[PDB]
>>> print(open('entry-v9.cif').read())   # mmCIF, N, CA and C atoms
data_coords
loop_
_atom_site.label_atom_id
_atom_site.label_comp_id
_atom_site.auth_asym_id
_atom_site.auth_seq_id
_atom_site.Cartn_x
_atom_site.Cartn_y
_atom_site.Cartn_z
N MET A 1 11.04 13.71 -11.20
CA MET A 1 9.92 14.32 -10.44
C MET A 1 9.71 13.61 -9.11
N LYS A 2 8.75 14.08 -8.33
CA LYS A 2 8.45 13.49 -7.03
C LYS A 2 7.05 12.86 -7.03
N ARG A 3 6.97 11.62 -7.49
CA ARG A 3 5.70 10.90 -7.54
C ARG A 3 5.68 9.76 -6.52
N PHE A 4 4.63 8.95 -6.57
CA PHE A 4 4.49 7.82 -5.66
C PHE A 4 4.34 6.51 -6.42
N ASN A 5 4.41 5.40 -5.70
CA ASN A 5 4.28 4.08 -6.32
C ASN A 5 4.34 2.97 -5.28
N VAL A 6 3.22 2.27 -5.09
CA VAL A 6 3.17 1.18 -4.13
C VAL A 6 3.83 -0.06 -4.71
N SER A 7 5.08 -0.29 -4.31
CA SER A 7 5.87 -1.42 -4.80
C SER A 7 5.05 -2.70 -4.92
N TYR A 8 4.35 -3.08 -3.86
CA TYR A 8 3.55 -4.29 -3.88
C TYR A 8 2.32 -4.17 -3.00
N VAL A 9 1.15 -4.31 -3.60
CA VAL A 9 -0.10 -4.21 -2.83
C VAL A 9 -0.78 -5.57 -2.73
N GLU A 10 -0.53 -6.27 -1.62
CA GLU A 10 -1.10 -7.59 -1.40
C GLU A 10 -2.31 -7.53 -0.47
N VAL A 11 -3.49 -7.79 -1.01
CA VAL A 11 -4.71 -7.80 -0.22
C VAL A 11 -4.85 -9.14 0.49
N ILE A 12 -5.65 -9.19 1.55
CA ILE A 12 -5.81 -10.43 2.30
C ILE A 12 -7.25 -10.66 2.75
N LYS A 13 -7.78 -11.83 2.42
CA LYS A 13 -9.14 -12.18 2.82
C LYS A 13 -9.16 -13.42 3.72
N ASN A 14 -9.51 -13.22 4.99
CA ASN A 14 -9.58 -14.32 5.95
C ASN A 14 -8.21 -14.95 6.20
N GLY A 15 -7.16 -14.14 6.17
CA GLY A 15 -5.82 -14.66 6.38
C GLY A 15 -5.30 -15.36 5.15
N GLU A 16 -5.81 -14.94 4.00
CA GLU A 16 -5.41 -15.51 2.72
C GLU A 16 -5.49 -14.45 1.64
N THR A 17 -4.35 -14.18 1.01
CA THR A 17 -4.28 -13.16 -0.03
C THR A 17 -5.40 -13.32 -1.07
N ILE A 18 -6.15 -12.24 -1.27
CA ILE A 18 -7.23 -12.23 -2.26
C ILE A 18 -6.74 -11.56 -3.53
N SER A 19 -6.08 -10.43 -3.33
CA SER A 19 -5.55 -9.63 -4.43
C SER A 19 -4.06 -9.40 -4.27
N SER A 20 -3.45 -8.77 -5.27
CA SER A 20 -2.02 -8.49 -5.23
C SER A 20 -1.60 -7.56 -6.36
N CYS A 21 -0.79 -6.57 -6.03
CA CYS A 21 -0.29 -5.62 -7.02
C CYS A 21 1.23 -5.62 -6.98
N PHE A 22 1.82 -6.72 -7.43
CA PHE A 22 3.26 -6.87 -7.43
C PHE A 22 3.83 -6.77 -8.83
N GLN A 23 4.36 -5.60 -9.17
CA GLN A 23 4.93 -5.38 -10.49
C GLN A 23 6.19 -4.53 -10.42
N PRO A 24 7.32 -5.03 -10.96
CA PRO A 24 8.58 -4.28 -10.97
C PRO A 24 8.45 -2.94 -11.67
N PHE A 25 9.54 -2.19 -11.74
CA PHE A 25 9.51 -0.88 -12.39
C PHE A 25 10.91 -0.28 -12.51
N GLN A 26 11.76 -0.53 -11.52
CA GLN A 26 13.11 0.00 -11.53
C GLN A 26 13.08 1.52 -11.46
N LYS A 27 12.43 2.04 -10.42
CA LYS A 27 12.29 3.48 -10.20
C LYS A 27 12.22 4.26 -11.52
N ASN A 28 11.05 4.24 -12.15
CA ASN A 28 10.86 4.94 -13.42
C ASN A 28 10.78 6.45 -13.20
N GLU A 29 9.68 6.90 -12.59
CA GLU A 29 9.48 8.32 -12.32
C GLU A 29 8.58 8.52 -11.11
N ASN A 30 8.67 7.59 -10.16
CA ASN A 30 7.86 7.66 -8.95
C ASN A 30 8.73 7.83 -7.72
N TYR A 31 9.46 6.78 -7.37
CA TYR A 31 10.34 6.82 -6.20
C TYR A 31 11.55 5.90 -6.40
N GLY A 32 12.74 6.44 -6.12
CA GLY A 32 13.96 5.66 -6.28
C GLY A 32 14.13 4.61 -5.20
N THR A 33 14.09 3.34 -5.60
CA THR A 33 14.25 2.24 -4.67
C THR A 33 14.52 0.93 -5.41
N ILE A 34 13.48 0.36 -5.99
CA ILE A 34 13.60 -0.90 -6.74
C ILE A 34 14.28 -0.67 -8.08
N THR A 35 15.03 -1.68 -8.54
CA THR A 35 15.72 -1.60 -9.82
C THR A 35 16.67 -2.78 -10.01
N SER A 36 17.23 -3.27 -8.91
CA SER A 36 18.16 -4.39 -8.98
C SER A 36 18.20 -5.19 -7.68
N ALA A 37 18.39 -4.50 -6.57
CA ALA A 37 18.47 -5.16 -5.26
C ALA A 37 17.11 -5.21 -4.57
N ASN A 38 16.03 -5.17 -5.35
CA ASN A 38 14.69 -5.23 -4.79
C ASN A 38 13.68 -5.74 -5.82
N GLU A 39 14.15 -6.60 -6.72
CA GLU A 39 13.28 -7.16 -7.75
C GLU A 39 13.48 -8.67 -7.87
N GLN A 40 13.93 -9.27 -6.77
CA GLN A 40 14.15 -10.71 -6.72
C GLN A 40 13.11 -11.36 -5.82
N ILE A 41 12.74 -10.64 -4.77
CA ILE A 41 11.75 -11.10 -3.81
C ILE A 41 10.44 -11.45 -4.51
N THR A 42 9.88 -12.60 -4.16
CA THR A 42 8.62 -13.06 -4.75
C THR A 42 7.44 -12.61 -3.91
N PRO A 43 6.27 -12.39 -4.52
CA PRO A 43 5.07 -11.98 -3.79
C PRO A 43 4.85 -12.85 -2.56
N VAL A 44 5.41 -14.07 -2.62
CA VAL A 44 5.33 -15.03 -1.53
C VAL A 44 6.11 -14.55 -0.32
N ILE A 45 7.23 -13.88 -0.58
CA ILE A 45 8.06 -13.36 0.49
C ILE A 45 7.26 -12.33 1.27
N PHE A 46 6.55 -11.50 0.52
CA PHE A 46 5.71 -10.48 1.11
C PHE A 46 4.43 -11.12 1.62
N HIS A 47 3.92 -12.10 0.88
CA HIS A 47 2.71 -12.80 1.27
C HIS A 47 2.95 -13.59 2.55
N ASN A 48 4.18 -14.06 2.71
CA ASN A 48 4.56 -14.83 3.89
C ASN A 48 4.99 -13.87 4.99
N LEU A 49 5.52 -12.73 4.58
CA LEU A 49 5.92 -11.70 5.52
C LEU A 49 4.69 -11.27 6.28
N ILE A 50 3.74 -10.77 5.51
CA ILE A 50 2.44 -10.35 6.02
C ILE A 50 1.84 -11.45 6.89
N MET A 51 1.59 -12.57 6.23
CA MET A 51 0.99 -13.74 6.84
C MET A 51 1.75 -14.22 8.09
N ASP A 52 3.08 -14.12 8.06
CA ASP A 52 3.90 -14.58 9.18
C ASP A 52 4.19 -13.48 10.21
N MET A 53 4.11 -12.22 9.79
CA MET A 53 4.40 -11.11 10.70
C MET A 53 3.18 -10.22 10.91
N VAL A 54 2.64 -9.69 9.83
CA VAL A 54 1.49 -8.80 9.90
C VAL A 54 0.26 -9.52 10.45
N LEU A 55 -0.22 -10.52 9.72
CA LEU A 55 -1.41 -11.27 10.11
C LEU A 55 -1.41 -11.64 11.59
N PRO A 56 -0.34 -12.28 12.09
CA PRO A 56 -0.25 -12.66 13.50
C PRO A 56 -0.11 -11.45 14.43
N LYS A 57 -0.19 -10.24 13.86
CA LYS A 57 -0.08 -9.02 14.64
C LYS A 57 -0.88 -7.90 14.00
N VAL A 58 -1.89 -8.27 13.24
CA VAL A 58 -2.74 -7.29 12.56
C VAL A 58 -3.87 -6.84 13.46
N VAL A 59 -4.52 -5.76 13.07
CA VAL A 59 -5.64 -5.23 13.83
C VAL A 59 -6.68 -4.64 12.89
N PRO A 60 -7.96 -4.68 13.28
CA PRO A 60 -9.04 -4.14 12.47
C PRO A 60 -9.18 -2.63 12.58
N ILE A 61 -8.07 -1.98 12.92
CA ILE A 61 -8.02 -0.53 13.05
C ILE A 61 -9.10 0.03 13.97
N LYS A 62 -8.69 0.89 14.89
CA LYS A 62 -9.62 1.51 15.83
C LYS A 62 -9.69 3.02 15.59
N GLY A 63 -8.63 3.57 14.99
CA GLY A 63 -8.59 4.99 14.71
C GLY A 63 -7.28 5.40 14.05
N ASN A 64 -6.78 4.55 13.16
CA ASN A 64 -5.53 4.81 12.46
C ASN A 64 -5.69 4.63 10.95
N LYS A 65 -6.03 3.41 10.54
CA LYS A 65 -6.21 3.08 9.13
C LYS A 65 -4.86 3.03 8.41
N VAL A 66 -4.54 1.88 7.82
CA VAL A 66 -3.28 1.71 7.10
C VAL A 66 -2.10 1.96 8.03
N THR A 67 -1.86 1.04 8.96
CA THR A 67 -0.76 1.19 9.91
C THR A 67 0.42 0.31 9.52
N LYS A 68 1.63 0.85 9.66
CA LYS A 68 2.84 0.11 9.33
C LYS A 68 3.19 -0.85 10.46
N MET A 69 3.55 -2.08 10.10
CA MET A 69 3.90 -3.09 11.09
C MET A 69 4.96 -2.58 12.06
N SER A 70 5.80 -1.65 11.58
CA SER A 70 6.86 -1.09 12.41
C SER A 70 7.71 -2.21 13.01
N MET A 71 7.72 -3.35 12.33
CA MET A 71 8.49 -4.50 12.77
C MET A 71 9.67 -4.76 11.83
N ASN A 72 9.75 -3.99 10.75
CA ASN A 72 10.82 -4.14 9.78
C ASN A 72 10.82 -5.55 9.20
N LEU A 73 9.68 -5.93 8.62
CA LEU A 73 9.52 -7.25 8.02
C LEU A 73 10.64 -7.51 7.01
N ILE A 74 10.86 -6.53 6.15
CA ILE A 74 11.90 -6.63 5.13
C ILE A 74 12.57 -5.28 4.92
N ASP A 75 13.75 -5.30 4.31
CA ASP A 75 14.48 -4.08 4.04
C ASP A 75 14.37 -3.72 2.56
N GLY A 76 14.17 -2.44 2.30
CA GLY A 76 14.03 -1.98 0.93
C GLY A 76 12.66 -1.41 0.65
N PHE A 77 11.64 -1.97 1.30
CA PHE A 77 10.27 -1.50 1.11
C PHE A 77 9.56 -1.29 2.44
N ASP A 78 8.46 -0.54 2.40
CA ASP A 78 7.67 -0.27 3.60
C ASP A 78 6.40 -1.12 3.58
N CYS A 79 6.09 -1.76 4.71
CA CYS A 79 4.92 -2.63 4.80
C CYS A 79 3.89 -2.17 5.84
N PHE A 80 2.67 -1.93 5.37
CA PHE A 80 1.56 -1.51 6.22
C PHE A 80 0.37 -2.44 6.01
N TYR A 81 -0.59 -2.39 6.93
CA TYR A 81 -1.78 -3.24 6.81
C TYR A 81 -3.05 -2.47 7.19
N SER A 82 -4.04 -2.54 6.31
CA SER A 82 -5.31 -1.86 6.52
C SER A 82 -6.48 -2.82 6.31
N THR A 83 -7.19 -3.14 7.38
CA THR A 83 -8.33 -4.05 7.28
C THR A 83 -9.53 -3.37 6.64
N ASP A 84 -10.42 -4.18 6.07
CA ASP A 84 -11.62 -3.65 5.41
C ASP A 84 -12.39 -2.72 6.35
N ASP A 85 -13.13 -1.79 5.77
CA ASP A 85 -13.90 -0.83 6.55
C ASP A 85 -15.11 -1.49 7.22
N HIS A 86 -15.39 -2.74 6.86
CA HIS A 86 -16.52 -3.46 7.44
C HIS A 86 -16.37 -4.97 7.30
N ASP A 87 -15.13 -5.44 7.14
CA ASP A 87 -14.86 -6.86 7.00
C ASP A 87 -13.46 -7.21 7.50
N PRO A 88 -13.33 -7.49 8.81
CA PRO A 88 -12.04 -7.84 9.42
C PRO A 88 -11.36 -9.01 8.71
N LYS A 89 -12.14 -9.79 7.97
CA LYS A 89 -11.60 -10.93 7.24
C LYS A 89 -11.26 -10.54 5.80
N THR A 90 -10.91 -9.27 5.62
CA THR A 90 -10.54 -8.74 4.32
C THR A 90 -9.53 -7.62 4.50
N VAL A 91 -8.31 -8.00 4.84
CA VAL A 91 -7.24 -7.05 5.06
C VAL A 91 -6.71 -6.47 3.76
N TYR A 92 -5.87 -5.46 3.89
CA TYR A 92 -5.25 -4.80 2.74
C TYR A 92 -3.83 -4.39 3.09
N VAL A 93 -2.87 -5.24 2.77
CA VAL A 93 -1.48 -4.96 3.07
C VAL A 93 -0.74 -4.40 1.86
N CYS A 94 -0.08 -3.27 2.08
CA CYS A 94 0.67 -2.61 1.02
C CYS A 94 2.17 -2.71 1.29
N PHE A 95 2.95 -2.68 0.23
CA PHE A 95 4.40 -2.76 0.33
C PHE A 95 5.03 -1.65 -0.50
N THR A 96 4.96 -0.43 0.02
CA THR A 96 5.53 0.72 -0.68
C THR A 96 7.04 0.71 -0.57
N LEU A 97 7.66 1.81 -0.98
CA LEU A 97 9.11 1.92 -0.92
C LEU A 97 9.53 2.77 0.27
N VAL A 98 10.57 2.33 0.99
CA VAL A 98 11.06 3.05 2.17
C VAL A 98 11.14 4.55 1.92
N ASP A 99 11.40 4.94 0.67
CA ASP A 99 11.50 6.35 0.32
C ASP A 99 10.13 7.01 0.40
N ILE A 100 9.09 6.25 0.08
CA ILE A 100 7.72 6.74 0.13
C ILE A 100 7.29 7.03 1.57
N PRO A 101 6.79 8.25 1.84
CA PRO A 101 6.34 8.63 3.18
C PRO A 101 5.21 7.73 3.68
N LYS A 102 4.58 8.13 4.78
CA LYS A 102 3.49 7.36 5.35
C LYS A 102 2.15 8.04 5.09
N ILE A 103 1.76 8.10 3.82
CA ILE A 103 0.50 8.74 3.45
C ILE A 103 -0.10 8.12 2.18
N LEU A 104 0.74 7.73 1.23
CA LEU A 104 0.23 7.10 0.01
C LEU A 104 -0.43 5.78 0.37
N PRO A 105 0.34 4.81 0.91
CA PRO A 105 -0.19 3.51 1.31
C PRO A 105 -1.49 3.66 2.08
N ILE A 106 -1.62 4.78 2.77
CA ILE A 106 -2.82 5.07 3.53
C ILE A 106 -3.99 5.34 2.59
N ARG A 107 -3.72 6.14 1.56
CA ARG A 107 -4.72 6.47 0.56
C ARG A 107 -4.93 5.30 -0.40
N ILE A 108 -3.92 4.42 -0.50
CA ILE A 108 -4.01 3.27 -1.38
C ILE A 108 -5.07 2.30 -0.87
N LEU A 109 -4.88 1.81 0.35
CA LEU A 109 -5.85 0.89 0.95
C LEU A 109 -7.18 1.59 1.11
N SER A 110 -7.18 2.71 1.82
CA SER A 110 -8.39 3.49 2.01
C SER A 110 -8.97 3.86 0.65
N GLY A 111 -8.09 3.92 -0.35
CA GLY A 111 -8.51 4.24 -1.70
C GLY A 111 -9.20 3.07 -2.36
N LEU A 112 -8.62 1.88 -2.22
CA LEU A 112 -9.23 0.68 -2.79
C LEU A 112 -10.64 0.54 -2.23
N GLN A 113 -10.84 1.06 -1.02
CA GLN A 113 -12.14 1.03 -0.38
C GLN A 113 -13.09 2.02 -1.05
N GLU A 114 -12.54 2.94 -1.84
CA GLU A 114 -13.35 3.91 -2.56
C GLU A 114 -14.13 3.21 -3.66
N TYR A 115 -13.57 2.10 -4.15
CA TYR A 115 -14.21 1.33 -5.19
C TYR A 115 -14.95 0.14 -4.60
N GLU A 116 -15.38 -0.78 -5.46
CA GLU A 116 -16.08 -1.98 -5.03
C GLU A 116 -15.34 -3.24 -5.47
N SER A 117 -14.22 -3.05 -6.16
CA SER A 117 -13.41 -4.16 -6.65
C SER A 117 -11.97 -4.04 -6.18
N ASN A 118 -11.43 -5.17 -5.77
CA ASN A 118 -10.06 -5.26 -5.28
C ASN A 118 -9.81 -6.66 -4.75
N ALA A 119 -10.41 -7.64 -5.41
CA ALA A 119 -10.28 -9.03 -4.99
C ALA A 119 -9.52 -9.90 -6.00
N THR A 120 -8.54 -9.33 -6.70
CA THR A 120 -7.77 -10.11 -7.67
C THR A 120 -6.32 -9.65 -7.71
N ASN A 121 -5.43 -10.54 -8.13
CA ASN A 121 -4.01 -10.21 -8.23
C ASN A 121 -3.73 -9.34 -9.44
N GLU A 122 -4.75 -8.62 -9.90
CA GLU A 122 -4.61 -7.74 -11.04
C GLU A 122 -5.80 -6.80 -11.09
N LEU A 123 -6.41 -6.56 -9.93
CA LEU A 123 -7.56 -5.69 -9.87
C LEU A 123 -7.30 -4.57 -8.88
N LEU A 124 -6.98 -4.95 -7.65
CA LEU A 124 -6.67 -3.96 -6.63
C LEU A 124 -5.59 -3.04 -7.17
N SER A 125 -4.62 -3.65 -7.85
CA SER A 125 -3.53 -2.90 -8.46
C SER A 125 -4.08 -1.75 -9.29
N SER A 126 -5.29 -1.94 -9.81
CA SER A 126 -5.93 -0.92 -10.63
C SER A 126 -6.18 0.34 -9.83
N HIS A 127 -7.03 0.22 -8.82
CA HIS A 127 -7.36 1.34 -7.98
C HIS A 127 -6.11 1.88 -7.32
N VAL A 128 -5.14 1.01 -7.06
CA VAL A 128 -3.90 1.45 -6.45
C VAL A 128 -3.26 2.51 -7.33
N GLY A 129 -3.28 2.29 -8.65
CA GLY A 129 -2.71 3.27 -9.55
C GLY A 129 -3.66 4.44 -9.79
N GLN A 130 -4.95 4.14 -9.88
CA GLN A 130 -5.97 5.16 -10.08
C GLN A 130 -6.11 6.03 -8.83
N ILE A 131 -5.70 5.48 -7.70
CA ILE A 131 -5.74 6.19 -6.43
C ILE A 131 -4.42 6.92 -6.23
N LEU A 132 -3.38 6.37 -6.85
CA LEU A 132 -2.04 6.94 -6.80
C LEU A 132 -2.02 8.32 -7.44
N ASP A 133 -2.60 8.42 -8.64
CA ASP A 133 -2.66 9.69 -9.36
C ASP A 133 -3.53 10.69 -8.62
N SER A 134 -4.69 10.23 -8.17
CA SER A 134 -5.62 11.09 -7.44
C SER A 134 -5.07 11.42 -6.05
N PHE A 135 -4.11 10.62 -5.59
CA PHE A 135 -3.50 10.82 -4.28
C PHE A 135 -2.92 12.23 -4.16
N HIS A 136 -1.98 12.56 -5.04
CA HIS A 136 -1.34 13.87 -5.02
C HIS A 136 -2.38 14.99 -5.04
N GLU A 137 -3.37 14.86 -5.92
CA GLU A 137 -4.43 15.86 -6.02
C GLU A 137 -5.00 16.16 -4.64
N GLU A 138 -5.00 15.14 -3.78
CA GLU A 138 -5.50 15.29 -2.42
C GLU A 138 -4.46 16.01 -1.56
N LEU A 139 -3.19 15.72 -1.82
CA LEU A 139 -2.10 16.36 -1.08
C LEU A 139 -2.09 17.85 -1.37
N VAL A 140 -2.49 18.20 -2.59
CA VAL A 140 -2.56 19.59 -3.01
C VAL A 140 -3.79 20.22 -2.39
N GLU A 141 -4.90 19.51 -2.51
CA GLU A 141 -6.16 19.95 -1.95
C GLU A 141 -6.05 20.09 -0.44
N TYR A 142 -5.22 19.24 0.15
CA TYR A 142 -4.99 19.24 1.59
C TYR A 142 -4.28 20.53 2.01
N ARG A 143 -3.58 21.15 1.07
CA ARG A 143 -2.85 22.39 1.35
C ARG A 143 -3.73 23.61 1.07
N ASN A 144 -4.95 23.58 1.59
CA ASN A 144 -5.89 24.68 1.41
C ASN A 144 -7.18 24.43 2.18
N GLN A 145 -7.06 23.84 3.36
CA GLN A 145 -8.22 23.54 4.19
C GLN A 145 -8.35 24.56 5.33
N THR A 146 -7.21 25.03 5.82
CA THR A 146 -7.19 26.01 6.91
C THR A 146 -5.85 26.73 6.96
N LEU A 147 -5.30 27.04 5.79
CA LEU A 147 -4.02 27.73 5.71
C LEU A 147 -4.21 29.17 5.23
N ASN A 148 -3.19 30.00 5.43
CA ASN A 148 -3.25 31.39 5.01
C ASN A 148 -3.09 31.52 3.50
N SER A 149 -1.91 31.17 3.02
CA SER A 149 -1.61 31.24 1.59
C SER A 149 -0.31 30.52 1.27
#
>>> encode(input="entry-v9.cif", output="structure tokens")
Amino acid sequence: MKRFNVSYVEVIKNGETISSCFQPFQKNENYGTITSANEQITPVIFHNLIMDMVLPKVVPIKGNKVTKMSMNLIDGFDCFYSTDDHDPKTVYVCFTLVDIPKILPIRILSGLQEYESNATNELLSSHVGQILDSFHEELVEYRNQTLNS
């Protein structure tokens, strides 16, 4: 099937990871990418990627929300960064799969903002998945706002 899955969701508070959603899967039924040549990297690689690339080039969003570094931090996954809706010292960096378009990670971070919890290396991951399922529902709902049929 054609589903989604944020490979690694590393949150950041004051330039320091607060939460993290780093869990392997080996492309189960979401998106073909990780399975062997993308399950060795440690959250630190991404945590340092972000911190060393994203953080030193992050922004509190002015009218984008969940923007990809477009710097090619690493190969195999897609890396974007979304700062808190009211706390620049509370970023939200996601590490989806290159196969994954540029819309899930957007709903993931913006989604975590839908809740009130996302400050643990096993909490944000929650809404990430709970937002993942509801994500598509939005993609479907999105196909009926101003269309003919």
>>> resolve_selection(input="entry-v9.cif", expression="the PyMOL selection byres ((chain A and resi 92) around 8)", output="list in words")
residues 9, 10, 11, 12, 13, 66, 80, 81, 82, 83, 84, 89, 90, 91, 93, 94, 95, 108, 109 and 110 of chain A
>>> write_last_selection(input="entry-v9.cif", atoms="N, CA and C atoms", output="compact mmCIF listing (two decimals), in the coordinates of the input")
# COMPACT_ATOMS: atom_id res chain seq x y z
N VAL A 9 1.15 -4.31 -3.60
CA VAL A 9 -0.10 -4.21 -2.83
C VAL A 9 -0.78 -5.57 -2.73
N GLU A 10 -0.53 -6.27 -1.62
CA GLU A 10 -1.10 -7.59 -1.40
C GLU A 10 -2.31 -7.53 -0.47
N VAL A 11 -3.49 -7.79 -1.01
CA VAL A 11 -4.71 -7.80 -0.22
C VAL A 11 -4.85 -9.14 0.49
N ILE A 12 -5.65 -9.19 1.55
CA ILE A 12 -5.81 -10.43 2.30
C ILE A 12 -7.25 -10.66 2.75
N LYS A 13 -7.78 -11.83 2.42
CA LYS A 13 -9.14 -12.18 2.82
C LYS A 13 -9.16 -13.42 3.72
N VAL A 66 -4.54 1.88 7.82
CA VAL A 66 -3.28 1.71 7.10
C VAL A 66 -2.10 1.96 8.03
N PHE A 80 2.67 -1.93 5.37
CA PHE A 80 1.56 -1.51 6.22
C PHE A 80 0.37 -2.44 6.01
N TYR A 81 -0.59 -2.39 6.93
CA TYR A 81 -1.78 -3.24 6.81
C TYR A 81 -3.05 -2.47 7.19
N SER A 82 -4.04 -2.54 6.31
CA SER A 82 -5.31 -1.86 6.52
C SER A 82 -6.48 -2.82 6.31
N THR A 83 -7.19 -3.14 7.38
CA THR A 83 -8.33 -4.05 7.28
C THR A 83 -9.53 -3.37 6.64
N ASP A 84 -10.42 -4.18 6.07
CA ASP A 84 -11.62 -3.65 5.41
C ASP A 84 -12.39 -2.72 6.35
N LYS A 89 -12.14 -9.79 7.97
CA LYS A 89 -11.60 -10.93 7.24
C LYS A 89 -11.26 -10.54 5.80
N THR A 90 -10.91 -9.27 5.62
CA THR A 90 -10.54 -8.74 4.32
C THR A 90 -9.53 -7.62 4.50
N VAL A 91 -8.31 -8.00 4.84
CA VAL A 91 -7.24 -7.05 5.06
C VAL A 91 -6.71 -6.47 3.76
N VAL A 93 -2.87 -5.24 2.77
CA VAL A 93 -1.48 -4.96 3.07
C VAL A 93 -0.74 -4.40 1.86
N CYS A 94 -0.08 -3.27 2.08
CA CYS A 94 0.67 -2.61 1.02
C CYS A 94 2.17 -2.71 1.29
N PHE A 95 2.95 -2.68 0.23
CA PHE A 95 4.40 -2.76 0.33
C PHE A 95 5.03 -1.65 -0.50
N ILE A 108 -3.92 4.42 -0.50
CA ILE A 108 -4.01 3.27 -1.38
C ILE A 108 -5.07 2.30 -0.87
N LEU A 109 -4.88 1.81 0.35
CA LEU A 109 -5.85 0.89 0.95
C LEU A 109 -7.18 1.59 1.11
N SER A 110 -7.18 2.71 1.82
CA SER A 110 -8.39 3.49 2.01
C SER A 110 -8.97 3.86 0.65
>>> select_by_dssp(input="entry-v9.cif", residues="chain A", states="strand (DSSP E)", output="list in words")
residues 8, 9, 10, 11, 12, 13, 17, 18, 19, 20, 21, 22, 67, 68, 77, 78, 79, 80, 81, 90, 91, 92, 93, 94, 95, 96 and 97 of chain A
>>> resolve_selection(input="entry-v9.cif", expression="the PyMOL selection byres ((chain A and resi 100) around 8)", output="number ranges by chain")
A: 3-5, 30-32, 77-78, 96-99, 101-105
>>> atom_distance(input="entry-v9.cif", atom1="atom CA of residue A:143", atom2="atom N of residue A:126")
26.9 Å
>>> atom_distance(input="entry-v9.cif", atom1="atom C of residue A:71", atom2="atom C of residue A:25")
24.8 Å
>>> resolve_selection(input="entry-v9.cif", expression="the PyMOL selection byres ((chain A and resi 20) around 8)", output="list in words")
residues 8, 9, 10, 11, 12, 17, 18, 19, 21, 22, 23, 118, 119, 120, 121, 122, 123, 124, 125 and 126 of chain A
>>> atom_distance(input="entry-v9.cif", atom1="atom CA of residue A:49", atom2="atom CA of residue A:115")
26.3 Å
